[PDB]
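# Observations on chain architecture
Here is what each chain is made of, one letter per residue.
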Amino acid sequence: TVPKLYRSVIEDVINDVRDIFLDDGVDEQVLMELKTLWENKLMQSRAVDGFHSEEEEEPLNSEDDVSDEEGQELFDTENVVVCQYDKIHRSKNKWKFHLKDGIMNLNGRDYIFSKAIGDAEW
Amino acid sequence: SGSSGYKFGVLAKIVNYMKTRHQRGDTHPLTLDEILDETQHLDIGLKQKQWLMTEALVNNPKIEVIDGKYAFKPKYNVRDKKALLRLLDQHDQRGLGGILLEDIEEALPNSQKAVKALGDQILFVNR
Amino acid sequence: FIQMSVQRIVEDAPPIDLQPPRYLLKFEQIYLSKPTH
Amino acid sequence: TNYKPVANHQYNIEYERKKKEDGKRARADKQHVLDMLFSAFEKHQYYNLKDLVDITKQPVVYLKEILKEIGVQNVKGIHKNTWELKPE
Amino acid sequence: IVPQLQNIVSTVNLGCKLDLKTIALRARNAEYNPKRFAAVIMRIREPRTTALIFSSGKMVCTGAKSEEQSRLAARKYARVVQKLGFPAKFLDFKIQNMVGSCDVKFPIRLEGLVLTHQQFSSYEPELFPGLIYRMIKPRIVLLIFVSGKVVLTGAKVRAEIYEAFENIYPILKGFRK
Amino acid sequence: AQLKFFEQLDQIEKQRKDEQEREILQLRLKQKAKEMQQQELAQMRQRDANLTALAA
Amino acid sequence: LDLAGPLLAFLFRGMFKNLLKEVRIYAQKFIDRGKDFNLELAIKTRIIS
Amino acid sequence: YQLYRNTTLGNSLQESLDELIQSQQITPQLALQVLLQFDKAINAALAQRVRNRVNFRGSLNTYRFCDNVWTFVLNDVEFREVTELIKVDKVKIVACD
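Per the PDB record, the structure was determined using cryo-EM to 4.07 Å resolution.

Here you go:
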């Protein structure tokens, strides 16, 4: 049900940028070339098939530490989740997350949710 | 609205930047390109830069340019902040029509100058 | 005055209109209960 | 006739709105605000202060200081202290 | 019974103007939402503590459970500001308050002589079950819960919390059920 | 690039229409107020895109 | 010959109109803040009494 | 929200666009107009197309909130949706209101 949405969105977008393209002085062959370039990339990344793929007051640093390198947060391959938040809540170190409309690319697989509820201690 | 180039009030920001350095106490004559570089609006496009010179700079009534480089225009006199006693000595000039807007920024806060003035013969009265 | 005229005076009076949104107040039937202190 | 309500219902409704948009705003980016004001000034040479207050999320007192800097307020004989660009 | 301190709130001046937005983007675990409040809320895990770091350079630290813990946490927050690159100084680390809690271990009812006189005691059942015994000689506010837990608040120094509890102990002993 | 230049000349005819828009600058006021709202929205969305870049 | 009822009506008639006028003024102010009014607190019980 | 541009879908698009400019097929500015169209299209498709009811849990690390957008980073987490379960030890969550 995901390749379907993507086709759906690509189709819709292509038909709306078609007008922009022609009004900016563009042959429709270059619009079809964009579609082809777009499809190629996904078919090369092979992350999924699809219907288009079918085709002292100063010496403050003496003790130091207390904080950690900020690089542990960024990998660029880290499971990235995009979602919409309804309510985020925190009492003491207890956090509760009320999320919605999310696309979760985790363990390499792709998932989707209309609502996600989570719990975590900080 | 006649003709406007790129962002509205680019000239007003250019005037503010020219004012800021003079209040800071670092005073240098600046070409229109140099002020644009300071505002980071230097890449405004060739036509927009030409528009600023042809209309925005011309529109200002007190705009002053020595030659290649533009000069401070709101106050023709430099904000020295010094020789106030000499300005008082000529009573007819009466401080050359000194304005509070010019003061409190010439090179120091007015309150510090007022403490120095109170010790000196100079007296300050604001109608 | 109690049995009839009072109902007639409240029942028949200008409608309250006050407005964006507007607010409408309509009066209905007056009730009078025995004297009580 | 008399009930025992704790928070009047009308008062509770304003609270959620008063919270949602915490009063007004802060005091920053005056040059960025000036460009938006200039676009409004193009639409009308003299602009009502109340209309400008609706345009800017920032507090009225901060907006008034920026407006005074751009131009002196002119009553125009119609009141509202309409704001116009300085001739200088 | 010895009261145990539960909260120390302290103010320390870093000494210089701080740009709040820059601190939020770099310092880890630092939330700065301008609309709700005007300060960066920064939290550290090693000694539990939540600190509001204000824009003009005044810092208020909360959540520490002893005198030393509050000072150590404040020093760590100042060190983080130095790591960001803003000049950092430690000025007048002064405690503002220490809330303390203790249990008398006996049931308490003060209602019998409250009717005759309540000069230092104010109690309204609807507003709260606890009675507030604002005390003047040692400035503190002691609240008596019917069960017997007494929470002392407002003491600028450790000794005041202990002195007030000893002072209020005879009154409760008299009204012991 | 000469076709690009003549397309620019028709854009200049559009700019003569823009000189009519200079005479134009009621209903025009409502549209430009909508444009002011859009400029505020654009500052907010540019900040949102900056946030997405941190996410990127 | 006017009697007790037809004289009390003349007095009651105007006073009820006065409660209605007052309800308008009080709620009007509240509607302006957008607060919304409560007619139970808007009626001033003493205008008729 | 130019939120969904750094996604597989969105990046493949940008890359495709960059190349056309380099080979003198398309130009920039028109490319920005295309991205703008994309924003409207992806946002619209998300809110009204597919929905799934799920249940979940995690363990926190960094958090950030600016421009009404929350960005978290959890470590040693576990997200199960319906039958399927995931075992993640480093997950970044970006959430718009």
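Anyway, onward from the coordinates.
Of the regular secondary structure elements, chain C holds one helix and two strands. For chain C, the α and β elements follow one another from N to C terminus as α-β-β. In terms of its C-alpha atoms, chain C occupies a principal-axis envelope of roughly 45 × 25 × 10 Å. Carbon and sulfur atoms make up 58% of the accessible area of chain C, which totals about 3400 Å². Chain C carries 4 positive and 4 negative side-chain charges, and their two centres are separated by 6 Å.

Okay, the pairing of strand β7 (residues 131-135) of chain E next. Consecutive side chains of a regular strand alternate in pointing toward one face of the sheet and then the other. All names here are of chain E. Pairing of β7 with strand β8 (residues 140-144), which is carried by five bridges, proceeds in the antiparallel orientation. Note that in β8 the partner of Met 135 across the bridge is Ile 140. Linking two consecutive strands that pair antiparallel, namely β7 and β8, is a turn of four residues.

Residues and elements named next belong to chain E. Taking strand neighbours across the sheet as the criterion, the nine strands line up as β2-β3-β4-β5-β1-β6-β9-β8-β7 in an open arrangement whose pairing is antiparallel. The strands lining the two open edges of the sheet, one partner per strand, are β2 (30-31) and β7. Packed onto the sheet, helix α2 (residues 67-84) meets β1 (4-13), β3 (40-44), β4 (49-53), β5 (58-64) and β6 (91-103) and runs at close to 115 degrees relative to β3.

Where like charges cluster on the molecular surface, the positive patch consists of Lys 92 of chain A together with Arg 45, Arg 48 and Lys 65 of chain E. As for its placement among the helices and strands, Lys 65 of chain E is situated in the loop between β5 and α2. Overall, the relative accessible area of 45% leaves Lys 65 of chain E in the partly exposed class.

Attention now goes to the state of the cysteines. Summed over the entire model, instances satisfying the criterion amount to zero disulfides over all chains. Here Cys 96 of chain H stays unpaired: no disulfide links it, and the sulfur of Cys 83 of chain A, its closest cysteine neighbor, is 8.7 Å away.

What follows deals with the pairing of strand β3 (residues 109-121) of chain A. All names here are of chain A. Bridge count between strand β2 (residues 94-106) and β3: twelve bridges; the pairing is antiparallel. When the sheet's bridge partners are listed, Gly 102 is paired in β3 with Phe 113. If you look at the hairpin formed by β2 and β3, you'll find two residues sitting between the two strands, and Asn 107 has a positive phi there, around 50 degrees.

On to the packing of aromatic side chains, then. Here the structure, examined in full by the defined rule, presents 23 aromatic pairs over all chains. Plain terms: the ring middles of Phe 41 of chain D and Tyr 47 of chain D are 6.5 Å apart, the flat faces sit at 85 degrees to each other, and that makes the pair edge-to-face. Here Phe 41 of chain D and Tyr 47 of chain D have matching classes, each one buried. Seen in terms of ring centroids, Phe 120 of chain E and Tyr 133 of chain E are 6.2 Å apart; in terms of plane orientation they differ by 50 degrees. Their pairing is tilted. Here the residue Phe 120 of chain E occupies a position in the loop between α3 (111-114) and β7, and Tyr 133 of chain E occupies one in strand β7, the gap between them amounting to 13 residues.

Moving on, we come to the side chain of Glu 39 of chain A. Tracing the backbone shows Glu 39 of chain A in helix α2 (residues 28-45). Take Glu 39 of chain A: its relative accessible area is 10%, and that puts it in the buried class.

So, about the sheet that holds strand β5 (residues 91-96) of chain H. The six strands lie next to each other as β3(A)-β2(A)-β1(A)-β5(H)-β2(H)-β1(H), forming an open sheet whose pairing is mixed. Only two strands of the sheet have a single neighbouring strand rather than two, namely β3 of chain A together with β1 (62-66) of chain H. On average, adjacent strands in this sheet sit at an angle of 25 degrees to one another, irrespective of strand direction. Bridge count between strand β2 (residues 69-74) of chain H and β5 of chain H: six bridges; the pairing is antiparallel. Looking across to β5 of chain H, one finds that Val 73 of chain H is bridged to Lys 92 of chain H. Contacts between helix α2 (residues 27-55) of chain F and the sheet are confined to β1, β2 and β5 of chain H, with β5 of chain H contributing the most and set at about 170 degrees to the helix.

Taking 1.5 Å per residue, 14 residues should reach 20 Å; helix α2 (residues 30-43) of chain D reaches 20 Å between its end C-alpha atoms and fits that length. Every buried residue of α2 of chain D is listed here: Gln 31, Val 33, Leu 34, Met 36, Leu 37, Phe 38, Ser 39, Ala 40, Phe 41 and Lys 43 of chain D. On its buried side, α2 of chain D packs onto α1 (10-24) of chain B, α3 (49-55), α4 (60-70) and β2 (82-83) of chain D together with α2 of chain F.

This part covers the interface of chain H and chain A. Across the contact, 57 residues belong to chain H and 50 residues belong to chain A. Listed by contribution, the elements that provide at least two residues to the side of chain H that touches chain A are α1 (8-22), α2 (30-47), β1, β2, β4 (84-85) and β5 of chain H. Considering every element that reaches the side of chain H that touches chain A, the biggest residue donor is α1 of chain H, with nine residues. Residue classes in the side of chain H that touches chain A are distributed as 31 nonpolar, 13 polar and 13 charged. Where strand β1 (residues 79-91) of chain A lies against β5 of chain H, six bridges are found, and the strand directions are parallel. Note that in β5 of chain H the partner of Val 80 of chain A across the bridge is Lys 92 of chain H.

Most contacts, among the eleven pairs of chains that meet, fall between chains A and H. If you take every C-alpha in chain A and every C-alpha in chain C, the smallest gap between them is 29 Å, and the two do not touch. In this view chain D stays clear of chain H, with the nearest C-alpha atoms of the two still 13 Å from each other.

Turning our attention to the nonpolar core. In terms of nonpolar packing, the biggest core is built from 50 residues, with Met 42, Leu 152 and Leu 172 of chain E touching the most fellow members. In terms of residue count, the dominant contributor to this core is α2 of chain E (seven residues). Each of two domains, domain 1 (1-9 + 96-177) and domain 2 (10-95) of chain E, supplies a minimum of three residues to this core. What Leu 172 of chain E contacts, discounting residues up to four positions off in sequence, is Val 104, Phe 106, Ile 108, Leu 110, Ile 144 and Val 150 of chain E. Counting residues in hydrophobic clusters, the runner-up holds 39 residues, among them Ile 112 of chain A, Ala 55 of chain F together with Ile 26 and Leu 35 of chain H.

Turning to the packing of helix α2 (residues 32-39) of chain B against helix α3 (residues 46-59) of chain B, a few remarks are in order. All names here are of chain B. Between α2 and α3, the shortest axis-to-axis distance is 11 Å and the interhelical angle comes to 110 degrees. By the angle class used here, α2 and α3 are roughly perpendicular. The two elements α2 and α3 cross, and the hand of that crossing is right-handed. From α2, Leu 32, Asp 33 and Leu 36 reach across to α3, where they touch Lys 49, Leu 52, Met 53 and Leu 57. Considering only residue class, the contact of α2 with α3 consists of five nonpolar, no polar and two charged.

If you check the backbone angles, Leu 96 of chain B has positive phi at about 55 degrees while not being a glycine. Locating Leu 96 of chain B in the fold gives a position in the loop between α4 (84-89) and α5 (110-119). Here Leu 96 of chain B falls in the exposed class, since its relative accessible area comes to 55%. Positive phi, close to 45 degrees, is recorded for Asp 92 of chain E, a residue that is not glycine. Within the secondary structure layout, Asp 92 of chain E lies in strand β6.

Bringing the packing of α1 of chain H against α2 of chain H into the picture now. All names here are of chain H. Contact geometry for α1 and α2: axes closest at 11 Å, N-to-C directions at 165 degrees. Judged by the angle between their axes, α1 and α2 are roughly antiparallel. As for the relative orientation of α1 and α2, their crossing is right-handed in sense. Residues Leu 9, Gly 10, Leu 13, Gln 14, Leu 17 and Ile 21 of α1 form the contact with α2, whose participating residues are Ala 31, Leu 35, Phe 38 and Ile 42.

Note that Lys 87 of chain H resides in the loop between β4 and β5. Counting along the chain gives ten residues from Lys 87 of chain H to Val 77 of chain H, while the straight-line C-alpha distance between them is 6.7 Å. Filtering out sequence-adjacent residues up to four positions away, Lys 87 of chain H remains in contact with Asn 107 of chain A together with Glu 78 of chain H.

Each value, and the rule that gives it
- Residues numbered from 1 in each chain as written, not as in the entry; some residues may be left out.
- Chains lettered and ligands numbered in written order.
- Part of a larger assembly, values for the part shown.
- Heavy atoms only, no water.
- Residues with missing side-chain atoms left out of burial classes, pairs and counts.
- Helix = DSSP H or I, 4+ residues; strand = E, 2+ residues; numbered from the N terminus.
- Areas by Shrake-Rupley, 256 points an atom, 1.4 Å probe, with all protein chains shown as cover.
- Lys, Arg positive; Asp, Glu negative; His and termini not counted.
- Charge placed at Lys NZ, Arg CZ, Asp CG, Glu CD.
- Pairing = 2+ DSSP bridges.
- Contact = heavy atoms within 4.5 Å.
- Axes fitted to C-alpha atoms, helices over the stretch in contact; angles between N-to-C directions.
- Patch = residues over 30% accessible without salt bridge, like charges linked within 9 Å, V, L, I, M, F, W, Y side chains within 5 Å.
- Salt bridge = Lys/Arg side-chain N within 4 Å of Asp/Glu carboxyl O.
- Buried < 20%, exposed > 50% of the residue type's maximum accessible area, 1.4 Å probe, protein only.
- Disulfide = S-S within 2.5 Å.
- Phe/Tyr/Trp six-rings, centres within 6.5 Å; stacked < 30°, edge-to-face > 60°.
- Expected span 1.5 Å × (residues − 1).
- Nonpolar A, V, L, I, M, F, W, Y, C, P; charged D, E, K, R; others polar.
- Core = buried A, V, L, I, M, F, W, Y, C linked by side-chain atoms within 4.5 Å.
- Domains from an automatic or database assignment.
- Parallel < 35°, antiparallel > 145°, perpendicular 65-115°, else oblique.
- Left-handed = near helix turned anticlockwise from the far one by under 90°.

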